[PDB]
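Working notes, structure below.
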Amino acid sequence: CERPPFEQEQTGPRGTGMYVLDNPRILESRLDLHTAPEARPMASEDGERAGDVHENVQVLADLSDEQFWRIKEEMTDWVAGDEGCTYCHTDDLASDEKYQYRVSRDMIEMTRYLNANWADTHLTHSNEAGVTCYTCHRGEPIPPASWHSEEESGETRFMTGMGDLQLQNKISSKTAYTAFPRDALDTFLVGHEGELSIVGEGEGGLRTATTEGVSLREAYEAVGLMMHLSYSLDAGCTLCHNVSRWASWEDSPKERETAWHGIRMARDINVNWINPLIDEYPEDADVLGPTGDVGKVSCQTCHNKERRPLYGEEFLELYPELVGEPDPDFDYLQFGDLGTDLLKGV
Amino acid sequence: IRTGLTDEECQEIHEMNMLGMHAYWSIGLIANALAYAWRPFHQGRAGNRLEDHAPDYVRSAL
Amino acid sequence: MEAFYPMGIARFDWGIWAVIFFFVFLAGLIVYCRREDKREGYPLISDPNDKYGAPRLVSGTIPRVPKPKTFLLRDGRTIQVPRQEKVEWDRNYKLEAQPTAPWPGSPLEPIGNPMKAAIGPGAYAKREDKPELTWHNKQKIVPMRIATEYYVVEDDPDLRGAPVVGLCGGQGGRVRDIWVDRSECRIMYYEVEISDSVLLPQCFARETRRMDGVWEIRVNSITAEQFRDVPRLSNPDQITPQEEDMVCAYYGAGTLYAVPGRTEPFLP
Amino acid sequence: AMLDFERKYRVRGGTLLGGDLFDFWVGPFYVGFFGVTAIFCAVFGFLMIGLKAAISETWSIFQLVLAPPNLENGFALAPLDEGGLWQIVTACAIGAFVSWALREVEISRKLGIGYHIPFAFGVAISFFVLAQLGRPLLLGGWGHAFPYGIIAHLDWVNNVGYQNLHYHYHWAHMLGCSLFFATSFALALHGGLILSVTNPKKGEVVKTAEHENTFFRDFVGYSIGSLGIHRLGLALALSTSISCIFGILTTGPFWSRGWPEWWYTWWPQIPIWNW
Amino acid sequence: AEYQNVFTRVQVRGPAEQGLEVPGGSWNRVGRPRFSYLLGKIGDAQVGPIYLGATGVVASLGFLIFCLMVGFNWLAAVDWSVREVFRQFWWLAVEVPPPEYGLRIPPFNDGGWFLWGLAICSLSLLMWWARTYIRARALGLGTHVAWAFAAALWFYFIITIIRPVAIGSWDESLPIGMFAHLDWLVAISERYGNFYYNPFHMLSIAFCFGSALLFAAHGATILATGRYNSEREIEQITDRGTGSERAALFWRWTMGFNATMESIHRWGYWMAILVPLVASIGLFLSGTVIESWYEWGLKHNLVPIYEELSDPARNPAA
Amino acid sequence: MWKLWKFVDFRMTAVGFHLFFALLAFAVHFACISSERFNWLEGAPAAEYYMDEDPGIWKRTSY
Amino acid sequence: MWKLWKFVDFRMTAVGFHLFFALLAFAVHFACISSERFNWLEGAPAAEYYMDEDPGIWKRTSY
Ligand code: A1LZM
Ligand code: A1LZM
Ligand SMILES: C/C=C1/c2cc3[nH]c4c(c3C)C(=O)[C@H](C(=O)OC)c4c3nc(cc4[nH]c(cc(n2)[C@@H]1C)c(C(C)=O)c4C)[C@@H](C)[C@@H]3CCC(=O)OC/C=C(/C)CCC[C@H](C)CC/C=C(\C)CCCC(C)C
Ligand code: HEC
Ligand code: HEC
Ligand code: HEC
Ligand SMILES: [Fe+3]
């Protein structure tokens, strides 16, 4: 049971039903979850480089000592949780014995990449927000909305037996608690062969001799991913669509376009940054998923049931040390749409 | 409840019933024997999965 | 206006062509249903209250009035709908009313007492004057004094002897017996003795439990006095469809004519 | 132009409001004052629909819509080009539906029949009123009510359903779809039964109520009967309209998340199986 | 107020009627007729006897086999936990084959169980339809109820078999699940444009909304005219009474036209059975002839065009 | 049991057995198709084609 | 139990028992199908093929 009033956002023409209702009491109850911690004061760029006053500093080498300490303290406040410095550090602070140390090194690289390359298309839609460690982790070692491959895609299939739901027909937040395919996050936010443009076009709306569409199962998977998108942003389908015409981008609110990039960005995050971490993890780590996979990034990982992560708090100027240099060959169409050039390993 | 059929009517019904039941039964036994000789229905302790016996290039739906 | 092989050309596609075919079938189906509608009351008759004569060709023929349908009945009779006895009954129906105005569509105000006029809500159709039987030739609508096998269920009030009150609360009578439908297993009528016996249709009777714990029948349609004018049964122990129809029509007459007010609006 | 038996019932009286001035018939239609007001509201509302067709240059019954004002408009009167025409037509539709139901009350009084038909129509009217008033009151503006377009109100239904992600899973939608399907199922069964009794194979006599009772007793073990089938049918259709009221008044006002998430919120956590 | 004919305040019970004589009725009519007083409030109290025919018994058995196949699959899907079956009752389903099989019957757990259950359920539904026909015929009735069920079953076979076969893929068929078949609704409508733009969807909803309209109006009409024994409609058809006259005149004075006691049932019968028929037409054209109902209705000036958005979303993939 | 027709309607029994055997023939044929080994429609090889010894059914074979 | 048919209808008893045993035969065959060990259509190996000794049922074996 919910209750009026609601924060309403009319995302389309009047009378079309294109609007989003957001519960103010629910956002108030999730205020602790949806607000980043108070930022530390800005650190000066003048001083000895962190790679000179510390033995094993590579990713943050170009940082000043003060900026280094600021970002280290913030990362402790964002990912370490109640473990503090020991979360990633042994007694020796220059030793990468814990997988958390090296994973956090790759995570600093990934956050820099995201703030340098995905800000123009996705991470600064409303505010110059970008992402920090807290955007996904929310103060915890494991991002609460990190996802693993479902414990049905990795299991051995009893092909002639009973009870195979085909990654559907089960309760899952990954599909916004629909019976839609639960491996849609793997299909689209990791895999690149998945087709999200499932709505038929034809010619004149007709299955012309040249008309080839997607299967109904592909429609199931895409609608499941879209359920995940709606769940993650705490909005309905109308946030990014006149549902009457899903294929029509001209009839869709601007948030669809950025959502598109988010899809690709998630793929980027999962393909070039999250999955290659499996080497760093221990073979029998309890953090790994049932299929022995590292938790991937979905829409919900940053949009923890929120339209814009951390209430769109600005971090690009606030944490320049988490903003890297733009990738010279960055292209949002090279993540499974115009090609797979920027998805390393696939 | 009583069907009202006489003993002779019940006996001709049962003659036909025995004919149909046992003819279908024998035909089905022959059919199952033929299908069993074609491929025994029940696997041995080794099983009869292709993955356990066929080379790797023999695709198995299992 | 491209060709869309094999799905058509321009808008001449098979989405729209199955649409057109189904609308053609739906139009034919509506025409068929309208013809079936015209099996009663058709051919239409113009309003006799008219300063002009009747046009030679009458309304209600765009879907043609179909050939009369033949029904074979259990009693061996072959009836033809529209049943001409009903049509002649309507033709020769005593009105006891005059049009309010000289134009067609004018309502009929009854000349005298509208309870006895059998006009409007008191109007009734011509029906069979032989009592209807069940499939086993048993009297279909029968009092429980004859059909002793039928009983009021334990959880429900047995109103034999219960008071029957009229619109104004006056004592119309007492329930002598309950008439049930053998086929429907429902109460059709309450036989109400008046201190002579009349019948009270079950839908015209409200079995109300008084706060005394005493059950009574409240009859909103007619008053206690008007119970004396309910059409009687030709045979006390059986009712024909015609008598059922007369009694129900009398109570329907009461629904509009029992008291002077109920035929008048809130604000005229 | 009048049924063979119609004149026998065409009497004065039975008006709720109108007296004898409006108490007449034009052709088959009884008029009454509520018929006059129903025609007024209907024709004026259709003229406002045509006005929107003119100002929007949309002379297509399918593409033309009178949409309610924007959400930011609230309950304010809108410009006729910004939802005011929808407000006028909403008043017209409420008035026309109420006048039609009241004319049916008048006709029922004149025929001595019960008011069940105007009551059922009033249940449908109650859906329309609670959808076009109750939903604006719950959500804070006329813009949350559905628009007046043959196809465009389907788009509104689509978008309002997809606002809660998967509208099929709505409890009121599940109940009401079951009720519509049961209503069509029971109408098919009932029409089929009555026609089967009165239209057996050629040469067979018309069957009875005993025949239809034993037909459904043999068929499904229970026969609801002549009275029971009509009571159940009125109940099924009415209850589906009440389910429509609850669905249109709860999606958004009483659940802004997905109805899948609504089902997940309680059903899997029911303690008899949440362990 | 007046009695509203909503509930039977006083129920009368006769001897439990076993039923009119039919061939095989003495044996195949089973169950001591039980009287439900709660059911007697609305309609007939008598429950039973039911005809234990060959088609009826084997159709019920096949329905049970289908339901138990579905339940066993749900159990095996939740590790044979009845607790988890009930916890996930609405989500769980016997899923259809994936598209890579096309029309091939796949292994059980790759949609083969769905096709197995489809065969069992379809055969059981056909045996139940045969029971409908034969129960009508044994009583000397028309087979109108059987043909209404035939319209519903034709739509069912379009949903499950005929249209998946015409499309050439079993994944187009309806999954056997509470929430899964609603997800099939969503997937079909959105994959093939939008069924809101499907005119056979429009007509089927018109006929379903009008089944509700006609059956509300007709039940209300019969309850209103029950003062004149209009609920005994067979008599009002063969021997037209004042109740049927008043019903016709109510609807003629309201709408300008009416029905008869028989023709209102013709109207309702056709309005109901048209829902699955034009439903089957529209669903079948979705995926065989029509790829997008939105694009098709755009070509036919059926789909509304709304105000162009300020700052529309532009497809980043051109 | 020739006396069964004194108490069981043979018409029901025979017609119902025919209906249930149509249903069961579909069920069993579909079960065979759903099996790789027994899907003659797909025609997969038998493991006996690749086994050098007879697997048996009750033969107490060991790896 | 020969007097049971004085009080219990053998019609419904026999019909319901045949219907229930058809349903139960399907249920039991489903239970076998769902079992890797017992699915003959899958044809999975028995674990006894790989055990070096008799597992028993009540044998009270120890690791
Ligand atoms: C995505 C999204 C979606 C959706 C959406 C949604 C929302 C939002 C909603 C809804 C609804 C529902 N639906 Mg649906 N859907 C889906 C689907 C479906 C299906 C399948 C198959 O799938 C099915 C079967 C279904 C059905 C249903 C039902 C039940 C309901 C409807 C009905 C109504 O309402 O009307 C109701 C209505 C009413 C009552 C109406 C009334 C008039 C008025 C007075 C009268 C007068 C008028 C006039 C004009 C006059 C004329 C003249 C002449 C002509 C001269 N679904 C999807 C999913 N949904 C509602 C509710 O809730 O209920 C519960 C709401 O709200
Ligand atoms: C792959 C493939 C396959 C098949 C095939 C087919 C088709 C297609 C069909 C069939 C059938 C039929 N089968 Mg057969 N099968 C199969 C197996 C079997 C079995 C097992 C054991 O496994 C059985 C028992 C059967 C049986 C039968 C019957 C019951 C029916 C009828 C026929 C007759 O009569 O015969 C006749 C009869 C007969 C053959 C039978 C008798 C007793 C015997 C001596 C003894 C018993 C034993 C046991 C159970 C235990 C052992 C096992 C273990 C594990 C060692 N099937 C496979 C799996 N199919 C049909 C039907 O359903 O009808 C409706 C059809 O259509
Ligand atoms: C639970 C019970 C139910 C029930 C019951 C029942 N409905 C009855 C009766 C009974 C007992 C009648 O007795 C009465 C009658 O005479 O015909 C049989 C009637 C009727 N309903 C009609 C339409 C109907 N009803 C539907 C639903 C149910 N109807 C539910 C299921 C549905 C849908 C969508 O499901 C439809 C389209 C007409 C044909 C007729 C009214 C005419 C009128 O209002 O006059 C008035 C005359 C006219 C011409 C009205 C015009 C008024 C405005 C200004 C015109 C503009 C129209 C709108 C703004 C509406 C929104 C447009 C949409 C595109 C968004
Ligand atoms: C994981 C998320 C970490 C937390 C929490 C903290 N530290 Fe860390 N630290 C981490 C990495 C991956 C690195 C390497 C940085 C690089 O650019 O490669 C570091 C680095 C340091 C260093 C310098 C290492 C050296 O060469 O001596 C120090 C001194 C250090 N970190 C201290 C430190 C303290 C005090 C923390 C708690 C407040 C802390 N770190 C948190 C990973 C993580
Ligand atoms: C979202 C895009 C993320 C941002 C931004 C950062 N991290 Fe992350 N991190 C993310 C995921 C999905 C995961 C996997 C969680 C799982 O389920 O396994 C991680 C993992 C880490 C870890 C290891 C967690 C553990 O196993 O204990 C660390 C130490 C970590 N991330 C650190 C980290 C830092 C320091 C970041 C900012 C510079 C950072 N992450 C950003 C998702 C995202
Ligand atoms: C973290 C790395 C993110 C992931 C993964 C996804 N999104 Fe995102 N999104 C993120 C940020 C930091 C922002 C900017 C917030 C701001 O205030 O500017 C966004 C923005 C959006 C928006 C626009 C929201 C708005 O301002 O109206 C949308 C619609 C959106 N994101 C959708 C989206 C989807 C659909 C994703 C998964 C496929 C997704 N995002 C992933 C951070 C991150
Ligand atoms: Fe009826």
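Every heavy atom of this structure was used, including side-chain atoms; hydrogens, water molecules and symmetry mates were not. As the structure lists them, so they are numbered: ligands from 1, and atoms in each ligand from 1. Residue numbers start from 1 in every chain, and the chains themselves are labelled A, B, ... in the order their sequence lines are given, proteins ahead of strands.
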Checklist outcome for this item: Within 4.0 Å of some non-hydrogen atom of D:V160, the atoms of ligand 1 are 8 (C)

Next on the checklist: Any carboxylate oxygen within less than 4.0 angstrom of a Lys/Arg side-chain nitrogen, looking at E:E262 and E:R266?
Outcome noted: yes

Checklist outcome for this item: atom 5 (C) of ligand 5 has as its nearest protein heavy atom A:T132 O, 3.2 Å

Checklist entry - Using the ring of each side chain (for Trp, its six-membered ring), is D:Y148 parallel, tilted or perpendicular to D:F128, with breaks at 30° and 60°? => result tilted

Next on the checklist: Taking 4.0 Å as the limit for heavy-atom contacts, which would you say applies to A:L277 with ligand 5: side chain only, backbone only, both, or neither?
Outcome noted: neither

Next on the checklist: Closer than 4.0 Å to some heavy atom of D:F97 - which atoms of ligand 1 meet that?
Outcome noted: 43 (C), 44 (C), 46 (C), 47 (C), 48 (C)

Checklist entry - What part of A:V243 sits under 4.0 Å from ligand 1 if we count only heavy atoms: the side chain, the backbone, both or neither? => result neither

Item to check | Selection from D:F181, D:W171, D:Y148 by shortest heavy-atom distance to atom 24 (C) of ligand 1 | outcome: D:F181

Checklist entry - Looking only at protein heavy atoms, which one is nearest to atom 14 (C) of ligand 5, and how far off is it? => result A:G295 O, 3.2 Å

Checklist entry - Using a distance threshold of 2.8 Å, what protein N/O/S atoms lie below it relative to atom 14 (Mg) of ligand 1? => result D:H173 NE2

Checklist entry - Between the side chains of A:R245 and E:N194, is a donor N or O closer than 3.5 angstrom to an acceptor N or O? => result no

Checklist entry - Which value, rounded to 10°, describes the NE2(D:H190)-the Fe ion (ligand 7)-OE2(E:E233) angle? => result 140°

Checklist entry - Counting only heavy atoms, which portion of D:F246 has something under 4.0 Å from ligand 1: side chain, backbone, both, or neither? => result neither

Next on the checklist: Counting non-hydrogen protein atoms only, what is the nearest one to atom 57 (C) of ligand 1? Give residue, atom name and distance.
Outcome noted: E:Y196 OH, 3.8 Å

Item to check | Test: E:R232 and C:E184 ion pair at under 4.0 Å | outcome: no

Next on the checklist: So is A:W147 touching ligand 5 or not, going by heavy atoms under 4.0 Å?
Outcome noted: no

Item to check | Atoms of ligand 1, numbered as shown, that sit under 4.0 Å from any heavy atom of D:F121 | outcome: 44 (C), 45 (C)

Checklist outcome for this item: The answer for which part of D:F128 has a heavy atom under 4.0 Å from ligand 1 is neither

Checklist entry - Is there at least one pair of N or O atoms, one from A:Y87 and one from ligand 5, spaced under 3.5 Å apart? => result yes

Checklist entry - Numbering the atoms of ligand 5 from 1, which are under 4.0 Å from a heavy atom of A:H148? => result 17 (O)

Checklist entry - Any N or O of A:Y99 that comes nearer than 3.5 Å to an N or O of ligand 5? => result yes

Item to check | Residue A:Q100 vicinity, atoms of ligand 5 by number, heavy atom under 4.0 Å | outcome: 27 (O), 29 (C)

Checklist entry - For atom 8 (Fe) of ligand 5, which protein N/O/S atoms are closer than 2.8 Å? => result A:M107 SD, A:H137 NE2

Checklist entry - How are the rings of A:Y113 and A:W273 set relative to one another: parallel (under 30°), tilted (30 to 60°) or perpendicular (over 60°)? => result tilted

Checklist entry - At what distance, to the nearest 0.5 angstrom, does NE2 of D:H170 lie from OG1 of D:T250? => result 3.0 Å

Checklist entry - If you measure only the distance, is there a donor-acceptor pair under 3.5 Å linking the side chains of A:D293 and A:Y281? => result no

Checklist entry - Short list, please: which atoms of ligand 5 are under 4.0 Å from a heavy atom of A:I108? => result 38 (C)

Checklist outcome for this item: Looking at E:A212, D:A101, D:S243, the heavy atom closest to atom 64 (C) of ligand 1 belongs to D:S243

Item to check | Shortest reach to atom 17 (O) of ligand 5 by a heavy atom, considering only A:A266, A:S146, A:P309, A:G289 | outcome: A:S146

